[PDB]
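Read through the structure below, which is laid out as C-alpha cells, and then see the notes.
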Protein chains: 4
Amino acid sequence: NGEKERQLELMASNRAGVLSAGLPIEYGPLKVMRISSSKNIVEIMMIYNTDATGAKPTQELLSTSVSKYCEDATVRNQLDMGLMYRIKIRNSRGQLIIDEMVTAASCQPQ
Amino acid sequence: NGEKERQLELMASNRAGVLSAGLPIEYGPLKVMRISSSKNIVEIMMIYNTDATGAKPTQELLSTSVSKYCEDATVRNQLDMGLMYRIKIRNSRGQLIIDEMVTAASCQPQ
Amino acid sequence: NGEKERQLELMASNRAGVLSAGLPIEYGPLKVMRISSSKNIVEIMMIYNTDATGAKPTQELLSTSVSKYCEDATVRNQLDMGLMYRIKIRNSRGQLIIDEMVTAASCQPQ
Amino acid sequence: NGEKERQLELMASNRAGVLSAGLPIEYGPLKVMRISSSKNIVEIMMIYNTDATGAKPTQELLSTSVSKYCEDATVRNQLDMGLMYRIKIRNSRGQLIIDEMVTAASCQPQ
Ligand SMILES: O=S([O-])[O-]
Ligand SMILES: O=S([O-])[O-]
Ligand SMILES: O=S([O-])[O-]
Ligand SMILES: O=S([O-])[O-]
C-alpha cells in the first residue's frame, strides 16, 4: 500500500532523529558520526579508525555489521516490517570503504 | 562541449582526491572530514563544533565560506573554468546545518 | 589552623572529583582533559588546539584564564576561602605552554 | 658515576623530545597525548578510550605494556643502559587508572 510505504518512511525519519541525538558515539574503532533517512532506509555513517588500527578488516566489518543489526531486537523487528539500514563506513581520510544495505533478508538462511 | 564537461568532471575528481589525502584537517571550530566529487562539483563535508562554541553562526559560516573560496587563487581559477564547490557543514550531532553551492558567480558583484 | 588546611585539601579533592566526571569538555579551542588536586590546589589540564588555530596566543590564554576563574561566583568564593587553581595548557604535541597559578590575590587590584 | 647519570638524564630528555613531535598517535584504543622526562625516566601519558570499549582491561594494558616496551629493540637497549619508562594511562574522564614503571628488570625472568 501507499499507506504502509508512508508509515515506513515516517518510521525511518523518526528513528534517524532518535539515534542522531546521541552522536557521536564510539564502539571500539568505529565512530558513528551521522544518521539520516531516505524513504524506508536508515543511513548510518561511521569512521573506521584506519590510522589507529593500521588495518582494513573489510570482511570483519561486513560480517559484524550483518550480525549486530540482525541480533538487535528493535532493528530485527524494524527490518521484518520493511525498514532497511544502509551502513556507510569511511576510513580516517573520509574515503568510503563500505557501503552495505542490511535488510530483513540479510538475517535469513541462504 | 562534451569534452569541456568531461575535463571539468576529471578535474573535480582529481582535486577531491588530492584534498582527501590530508584529512581530517581543522580550521578553528571546523573539521574537514570528507571530500568527494560529483560531475563538476567538489563536495567539502565539515563538522562545525556546536558542542565547543555553544553557537550556530550560520550567517558567518556562509559569508566566510564564500569569501575564503573566492579569495583562494587556485579555487578562483577553478571556479572561473566551471568547477563548483558544495560546502556541507554538520553540527556536533552530524545534523546538516549548511548546504551551500559556491560558484564563479558567488565571487562577482550583485 | 591544621583543621582549615585539612578542610581546603578535602574541598580541592572533592571539587576535582566533581569536575572530572564531565570530561572531556571543550570551550572553543580548549579541551579540558584532566582535573586533579594536590593539597589546596585544583589542577586543570587542557589542550589548546595549536594545530587548528595556527596560533599560540599565550597572553590571551593567561588574561582570559585569570578573568574567567575570578568572575565565576563559585571559584571566586573558593579562592577567597584559600583554594587555588593551577591552569596547565598543552599544545597539540602535548608540550606544556602555560602553567599558571590563579589565587584570590589574582582577582584583586595591583 | 655523576657523568653516567647526566648522560641518562640527557638521553631521557632527548628521547621525550623526539617522541613528542609525532603526538598525538593512536594504537587502537590508546591515544598517546603527552611525553615528558624526569631524570632518567621517559614518561608516556595515554588515554585508554573507556567510553569506546566499555571495558577496563587493567591486566591486559599492564602485560602488553611490559611486553611491547621490552620487545622494542631501541627501548630494550635504552632500558639495559639505565633509562626507565613510566607508563601513565588515563580513562575517558582523565582519571589515572595505570601508573607503571618499566625497567630493564621488567624484561628478565622471575
Ligand atoms: O549473520 S546474520 O545471518 O545473523
Ligand atoms: O564575498 S565574495 O563576493 O568575495
Ligand atoms: O582579571 S582579574 O583581575 O579579574
Ligand atoms: O613480558 S616481558 O617479560 O617480556
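Going through the C-alpha cells in order, the chains are called A, B, and so on, while each chain numbers its residues from 1 and the ligands are numbered from 1 in the order shown.
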Q.
When you look at stretch 82-98 of chain C with a cut-off of 7 Å (counting only C-alpha atoms), what residues show up, excluding the ones that are within fewer than 4 positions of it in the same chain? I need them as a PyMOL selection string.
A. (chain C and resi 8+12+40-51+78+102-103) or (chain D and resi 20-21+23-24+33-34)
Q: For ligand 3, collect every residue having any atom at a distance of at most 12 Å from a ligand atom (counting only C-alpha atoms and all ligand atoms); output as a PyMOL selection string.
A: chain C and resi 60-73+76+102-110
How would the residues just picked look written out with C-alpha atoms as an mmCIF file, in the first residue's frame?
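Output contents, as saved in part_30.cif:
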```cif
data_model
loop_
_atom_site.group_PDB
_atom_site.id
_atom_site.type_symbol
_atom_site.label_atom_id
_atom_site.label_comp_id
_atom_site.auth_asym_id
_atom_site.auth_seq_id
_atom_site.Cartn_x
_atom_site.Cartn_y
_atom_site.Cartn_z
ATOM 1 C CA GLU C 60 45.204 35.934 25.711
ATOM 2 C CA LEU C 61 45.092 32.418 27.309
ATOM 3 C CA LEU C 62 46.597 33.902 30.520
ATOM 4 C CA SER C 63 44.387 37.067 30.698
ATOM 5 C CA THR C 64 41.178 35.073 29.889
ATOM 6 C CA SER C 65 42.205 32.383 32.460
ATOM 7 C CA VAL C 66 42.553 34.964 35.253
ATOM 8 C CA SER C 67 39.319 36.793 34.307
ATOM 9 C CA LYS C 68 37.156 33.623 33.745
ATOM 10 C CA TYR C 69 38.143 31.960 37.113
ATOM 11 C CA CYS C 70 37.905 35.293 39.026
ATOM 12 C CA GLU C 71 34.448 36.111 37.544
ATOM 13 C CA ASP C 72 32.975 32.629 38.344
ATOM 14 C CA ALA C 73 30.902 33.007 41.565
ATOM 15 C CA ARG C 76 35.767 33.285 43.465
ATOM 16 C CA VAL C 102 45.239 31.536 39.945
ATOM 17 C CA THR C 103 44.771 32.637 43.578
ATOM 18 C CA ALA C 104 42.469 35.031 45.489
ATOM 19 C CA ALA C 105 45.231 37.688 45.002
ATOM 20 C CA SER C 106 44.939 37.246 41.127
ATOM 21 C CA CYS C 107 41.452 38.893 41.216
ATOM 22 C CA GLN C 108 42.485 41.969 43.290
ATOM 23 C CA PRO C 109 43.733 45.364 42.027
ATOM 24 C CA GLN C 110 47.555 45.933 41.638
#
```
**Q.** helix (DSSP H, G or I) call set, DSSP backbone run, stretch 37-69 of chain C, as number ranges by chain
**A.** C: 50-53, 58-69
Is it possible to get the superposed chain C, fitted on chain D over all Cα pairs by sequence order, as a short mmCIF file (atom, residue, chain, number, x, y, z; two decimals) with C-alpha atoms, in the first residue's frame?
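Output contents, as saved in out32.cif:
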```
data_model
loop_
_atom_site.label_atom_id
_atom_site.label_comp_id
_atom_site.auth_asym_id
_atom_site.auth_seq_id
_atom_site.Cartn_x
_atom_site.Cartn_y
_atom_site.Cartn_z
CA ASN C 1 79.20 7.95 38.12
CA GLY C 2 77.74 11.50 38.07
CA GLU C 3 78.63 11.51 34.32
CA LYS C 4 76.63 8.28 33.54
CA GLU C 5 73.57 9.72 35.45
CA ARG C 6 73.98 13.01 33.49
CA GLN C 7 74.19 11.03 30.19
CA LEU C 8 70.95 9.04 31.06
CA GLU C 9 69.11 12.32 32.01
CA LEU C 10 70.18 13.94 28.67
CA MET C 11 69.10 10.72 26.81
CA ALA C 12 65.67 10.69 28.58
CA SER C 13 65.16 14.44 27.72
CA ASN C 14 66.17 14.00 24.06
CA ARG C 15 64.07 10.84 23.56
CA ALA C 16 60.99 12.57 25.18
CA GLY C 17 61.51 15.43 22.67
CA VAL C 18 61.78 13.10 19.64
CA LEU C 19 58.57 11.17 20.57
CA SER C 20 56.61 14.41 21.45
CA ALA C 21 56.88 15.70 17.83
CA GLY C 22 54.70 12.85 16.50
CA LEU C 23 51.81 13.28 19.04
CA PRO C 24 49.03 12.54 19.32
CA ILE C 25 49.27 8.97 17.94
CA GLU C 26 46.72 6.21 18.39
CA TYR C 27 47.31 2.45 18.82
CA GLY C 28 43.75 1.03 18.76
CA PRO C 29 42.04 2.31 21.95
CA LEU C 30 45.20 4.02 23.28
CA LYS C 31 45.94 7.65 22.36
CA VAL C 32 49.44 8.87 23.31
CA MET C 33 48.85 12.51 24.31
CA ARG C 34 51.98 13.70 26.16
CA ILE C 35 55.63 12.55 26.59
CA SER C 36 57.95 14.13 29.18
CA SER C 37 61.13 13.27 31.05
CA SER C 38 62.25 13.38 34.66
CA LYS C 39 65.88 12.39 35.50
CA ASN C 40 66.45 9.02 33.70
CA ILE C 41 62.64 8.41 33.16
CA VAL C 42 60.70 8.84 29.88
CA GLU C 43 57.04 9.40 30.96
CA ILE C 44 54.36 8.29 28.41
CA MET C 45 50.80 9.61 29.07
CA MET C 46 47.94 7.89 27.12
CA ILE C 47 44.15 7.96 27.19
CA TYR C 48 42.59 4.49 27.13
CA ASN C 49 39.16 5.03 25.50
CA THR C 50 36.91 3.52 28.27
CA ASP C 51 33.92 5.28 26.60
CA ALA C 52 34.52 3.35 23.29
CA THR C 53 35.41 -0.09 24.73
CA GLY C 54 33.04 -0.18 27.79
CA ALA C 55 35.88 -2.09 29.48
CA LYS C 56 38.81 -1.52 31.86
CA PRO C 57 41.28 -4.34 30.93
CA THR C 58 43.92 -3.31 33.52
CA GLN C 59 45.71 -6.72 33.41
CA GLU C 60 45.95 -6.65 29.62
CA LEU C 61 47.15 -2.98 29.49
CA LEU C 62 49.91 -3.86 32.02
CA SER C 63 51.05 -7.18 30.39
CA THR C 64 51.02 -5.64 26.85
CA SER C 65 52.90 -2.54 28.18
CA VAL C 66 55.71 -4.68 29.64
CA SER C 67 55.94 -6.93 26.54
CA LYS C 68 55.72 -4.09 23.91
CA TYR C 69 58.47 -1.90 25.56
CA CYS C 70 60.69 -4.96 26.32
CA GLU C 71 60.38 -6.31 22.73
CA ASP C 72 61.22 -2.91 21.08
CA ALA C 73 64.93 -3.06 20.06
CA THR C 74 65.60 0.66 20.83
CA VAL C 75 63.70 0.74 24.20
CA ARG C 76 65.34 -2.59 25.26
CA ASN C 77 68.84 -1.12 24.62
CA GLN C 78 67.83 2.09 26.48
CA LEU C 79 66.50 0.08 29.45
CA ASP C 80 69.71 -2.02 29.65
CA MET C 81 71.78 1.23 29.67
CA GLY C 82 69.69 2.56 32.63
CA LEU C 83 66.79 4.52 31.14
CA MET C 84 63.32 3.74 32.60
CA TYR C 85 59.82 4.28 31.09
CA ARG C 86 56.83 5.35 33.20
CA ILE C 87 53.51 4.40 31.57
CA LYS C 88 50.54 6.56 32.75
CA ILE C 89 47.13 5.63 31.31
CA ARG C 90 44.02 7.71 31.99
CA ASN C 91 40.41 6.71 31.22
CA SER C 92 38.00 8.88 29.12
CA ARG C 93 37.40 11.11 32.29
CA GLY C 94 41.16 11.83 32.57
CA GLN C 95 41.29 9.71 35.76
CA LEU C 96 44.58 7.85 36.24
CA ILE C 97 43.99 4.05 36.00
CA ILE C 98 47.62 2.79 35.41
CA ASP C 99 50.90 4.24 36.62
CA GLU C 100 53.60 1.62 35.98
CA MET C 101 57.42 1.78 35.77
CA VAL C 102 59.04 -0.40 33.04
CA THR C 103 62.74 -1.04 33.76
CA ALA C 104 65.47 -3.38 32.43
CA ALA C 105 64.46 -5.79 35.27
CA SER C 106 60.82 -5.90 33.85
CA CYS C 107 62.09 -7.86 30.79
CA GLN C 108 64.07 -10.51 32.76
CA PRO C 109 62.84 -13.90 34.05
CA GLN C 110 61.40 -14.13 37.65
#
```
